[PDB]
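This document opens with one chain alone, in structure tokens, the form deposited in one PDB entry.
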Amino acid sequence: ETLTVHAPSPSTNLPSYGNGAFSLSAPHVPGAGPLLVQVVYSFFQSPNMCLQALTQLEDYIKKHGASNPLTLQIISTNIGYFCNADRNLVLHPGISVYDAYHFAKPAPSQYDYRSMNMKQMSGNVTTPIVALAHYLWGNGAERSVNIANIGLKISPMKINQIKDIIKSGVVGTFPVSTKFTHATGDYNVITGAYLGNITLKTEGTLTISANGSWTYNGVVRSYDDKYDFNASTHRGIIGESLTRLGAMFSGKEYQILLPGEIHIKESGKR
């Protein structure tokens, strides 16, 4: 049976991520000389910063035990840093992850889940740990992430209706209207962790030239209204970490809406 991690709050949080004993930063590269802020800044924008934070938690639980009260404080506190950074990304689209995580107000040591938690997630590299925060403390409340924020990369050759038109050898302009499964964890370790496989709808025009060059121009929206967050639906290496942690601690599954639409323009040659 699972242990309960208390929600982050100013009266319970540790004064620092990691109780100050470790921090989230770029990896040590022997022979590189001192680690400078440009390297850390780029690291914070990368998915590696999310895998690293989760690896730190799992390493800590293994060494010190999931039921050591300090382990539970480090989980509550560190995940609060991700929640605080993600709130700042939602409120300030356009800012870097390093700026949102380090220079936000209020201070991440003061993060209070009950009063501060947002229903919308940013879709940036902080999102998978925030999605875990909701399982631990959200009591089942529905969340959302806009589809424009999840880094979709659509491959029209992998969409049966479009693949069929291209392979048929036809030349001219053709309407497309189809649903298709899309495995975000085949290419996006962040989105794959909490949305995994999704189902999409696209409507558009496929133009194919006589030389076999083609362009697909179309709109993409989610087919399903929402997606379940549980141990089973996560995909990719960060999703595996989320699965191991959710097995250990109490929580409530919840659903994530995927509102919005994107416009895509993709090309290739037959």
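From 1 onward, residues are counted along the sequence shown. Throughout, rigid core stands for the largest set of C-alpha atoms superposing within 1.5 Å between the two forms.
Once the C-alpha B-factors are averaged per stretch, 101-109 and 68-76 rank with 101-109 first. Here 201-209 and 37-45 are compared by their mean Cα B-factor, and 201-209 comes out higher.
For the set 88, 127, 178, 155, the PDB entry assigns the largest Cα B-factor to 155. Of the candidates 255, 25, 9, 19, it is 25 whose Cα B-factor is highest according to the PDB record.
Per-chain ranking of the deposited C-alpha B factor places residue 230 in the middle third. Residue-level temperature factors show residue 14 in the lowest third of its chain, judged at the C-alpha atom. The deposited CA B-factor of residue 143 belongs to the lowest third of values across its chain. The entry lists a Cα temperature factor for residue 241 that places it in the lowest third of the chain's modelled residues.
Among the modelled residues of its chain, residue 123 has a C-alpha B-factor that falls in the lowest third, as given in the PDB entry.
Separately, the form deposited in another entry exists; it is not shown, and the next lines address it.
Only one entry in 219, 29, 70, 237 has its C-alpha moved by 2 angstroms or more between this form and the one not shown when the rigid core is superposed, and that entry is 29. Relative to the superposed core, residue 164 shifts its CA atom by 2 Å or more between this form and the one not shown. In comparison with the shown form, the Cα-Cα distance of residue 200 and residue 166 increases by at least 3 angstroms in the other form.
CA of residue 166 to CA of residue 203: farther apart by 3 Å or more in the other form than in the shown form.
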